[PDB]
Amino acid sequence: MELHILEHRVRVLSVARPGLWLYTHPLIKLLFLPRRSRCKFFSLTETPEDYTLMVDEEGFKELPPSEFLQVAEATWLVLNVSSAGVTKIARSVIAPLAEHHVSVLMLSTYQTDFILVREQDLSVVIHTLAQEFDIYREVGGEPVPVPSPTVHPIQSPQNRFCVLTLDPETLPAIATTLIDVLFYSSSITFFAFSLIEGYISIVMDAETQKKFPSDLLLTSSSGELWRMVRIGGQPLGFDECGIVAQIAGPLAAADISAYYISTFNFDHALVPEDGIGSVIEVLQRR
């Protein structure tokens, strides 16, 4: 098993909903126009609270400072396990990093699971994981060999979610709908779009999927729908460890698959829709 430190230096941002209009011009650029910036890591998540942006240093330069725009304190590095679910790395990655006081942010996409850590913790990350993983650093597309735990409240909306991908050539065909959804539109709004290393991933409501032109959004498991578990009552911050470990741990022990996405304020786990009853019950035992 290999751990890869990817060639991305990511900043974590919050755009306040009343001030999204101001970032329309830079965000349209990052969403749709790859020749217009050197951005290679772009992730946008809409929640009721805010729009969460995970973006590299180059994409970060597109976004001017304002009262509507929060920036998390550190530069984040991106981790990836190779040879689509967080359950499989709960014991090997998530729990050991939580135990060694390394704070994470999660980004599950259609393609793979990204684990983000702060630049300051890389030495601790390597030390913790060098024994189990062959650790590689991505340079020029080539692999090169190298704050107190709390039980958090959980809730599940009735929304049914799809984890989707797209042929990068067909992105222009969904542009107007994606613009409409993002900038102009128990229930909780959740919309995630990411463009990472040319790969498109979209997390979407079943009702929102109806708005898109047919036969463009692709998935290997068509009709596989996911229920959301929202994690935290208060805003979670970026210092507290063991939050992902509280969720992925019991789910791995029950052998239930999960996507995991961290927003600026809250954590979000996606579980198979018919297994939601088992999931709530399993997590109730912490």
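When you see a residue number, it is the position in the sequence shown, counting from 1. The term rigid core refers to the maximal set of C-alpha atoms that superpose within 1.5 Å between the two forms.
Two stretches, 37-45 and 227-235, are weighed by how far their CA atoms sit from the shown form in 4 other deposited structures of this protein after rigid core superposition; the farther one is 227-235.
Greater C-alpha displacement in 4 other deposited structures of this protein (rigid core superposition, RMS over structures and residues), of 209-217 versus 118-126: 209-217. Residue 147, though modelled here, lacks coordinates in at least a third of the other entries of this protein that were compared and that model residues flanking it. Residue 257 is built in all of the other entries compared, counting only those with both neighbours built, so it is not a gap in a third.
Where coordinates are absent for parts of the deposited sequence, a chain break appears; between neighbours residue 146 and residue 147 it spans 10 or more residues. According to the PDB entry, the deposited sequence contains 10 or more residues between residue 185 and residue 186 that lack coordinates. Judged by mean Cα B factor in the deposited record, 137-145 ranks above the other of 158-166 and 137-145. Between the stretches 11-19 and 274-282, it is 274-282 that shows the larger average CA temperature factor. Remark: of 94, 181, 79, 130, 130 shows the highest value [criterion: C-alpha B-factor in the PDB entry].
The PDB entry assigns the greatest CA B-factor among 66, 246, 222, 43 to 222.
Sort the chain's modelled residues by C-alpha temperature factor and residue 204 lands in the middle third, per the entry.
Among the modelled residues of the chain, residue 198 sits in the middle third by CA temperature factor in this PDB entry.
Compared with the other modelled residues of the chain, the Cα B-factor recorded for residue 113 ranks in the lowest third. Sort the modelled residues of the chain by CA B factor and residue 49 lands in the highest third. Residue-level temperature factors show residue 28 in the lowest third of its chain, judged at the C-alpha atom.
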